[PDB]
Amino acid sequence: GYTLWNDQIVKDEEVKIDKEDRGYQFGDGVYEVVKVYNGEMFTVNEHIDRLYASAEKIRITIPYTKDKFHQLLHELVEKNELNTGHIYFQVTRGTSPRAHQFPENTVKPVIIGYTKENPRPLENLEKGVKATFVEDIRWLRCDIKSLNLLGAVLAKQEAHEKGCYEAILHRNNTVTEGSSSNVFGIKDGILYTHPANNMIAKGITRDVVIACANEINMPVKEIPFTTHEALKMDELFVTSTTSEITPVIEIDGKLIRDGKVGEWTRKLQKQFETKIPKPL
């Protein structure tokens, strides 16, 4: 395939990462994942807006404007002939002799982007998934979508080992988000989810789901709930660019309600489905 390396689209084999790339020694960079449906990028502007905001938060100045960045992504999709799957892209502060503080503002940021054909998790959207509770030991700036992902890596593996699909994290019993998704709970036709502060990533899927709820007149309350309250919910699901709206029917051996996909989750899924590209 072809990889985006800065502003060029090169063959995979051509890309070489420097051992002193700050993204390799300090996890000093930010990333995004954009889902593609039948050749079309879903909510691409929102993801690009978020990439730039993340970079701005740790003071990385991206050398291209948003219009150029958008253009490159389109070229990347086209050259690789991507139908349905996702684009992964990241930006690191640059290559410089190892030192914690920022380099001289002459160093250029390194941009890597590549695609992967990957089908929609249809089986999961229908049947639902298993999850587990993992304590959130991450840093206090979860709002930045950075490359420092060791906390999420350790959580995802704890779940993967128990045969669970996702690890729902919690700070002292208060549910925050999942290792790579946002968590939603429904009780009496009302949608609950942790507010978007420094404790969680302000997911783009999460915001699309909240817009879907507003469109079907379902009340939304951005209030955090405990692990205990979560098990008492009528319905529960996690959201992410790749997981879309995945129902969580069971957590740690305790079924959520009856262990079936609730009524409102289906309504959200149907509304969400009206937004994804489906050209002929």
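Residue numbers run from 1 along the displayed sequence.
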{"item": "Higher-scoring stretch by recorded Cα B factor average, 146 to 154 or 77 to 85", "value": "77 to 85"}
{"item": "268 to 276 versus 19 to 27 - which carries the larger mean C-alpha B factor in the record", "value": "268 to 276"}
{"item": "Residue with maximal Cα B-factor (values as given in the PDB entry) among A131, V91, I186, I204", "value": "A131"}
{"item": "Most elevated Cα B-factor in the entry, residues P195, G178, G113, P103", "value": "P103"}
{"item": "Relative C-alpha B-factor of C164, binned into the chain's lowest, middle or highest third", "value": "highest"}
{"item": "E32 - Cα temperature factor, lowest/middle/highest third of chain", "value": "lowest"}
{"item": "Chain-wide C-alpha B factor ranking for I249, given as lowest, middle or highest third", "value": "highest"}
{"item": "Ranked C-alpha temperature factor of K232 among modelled chain residues, by third", "value": "highest"}
{"item": "Chain-relative CA temperature factor third for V220", "value": "middle"}
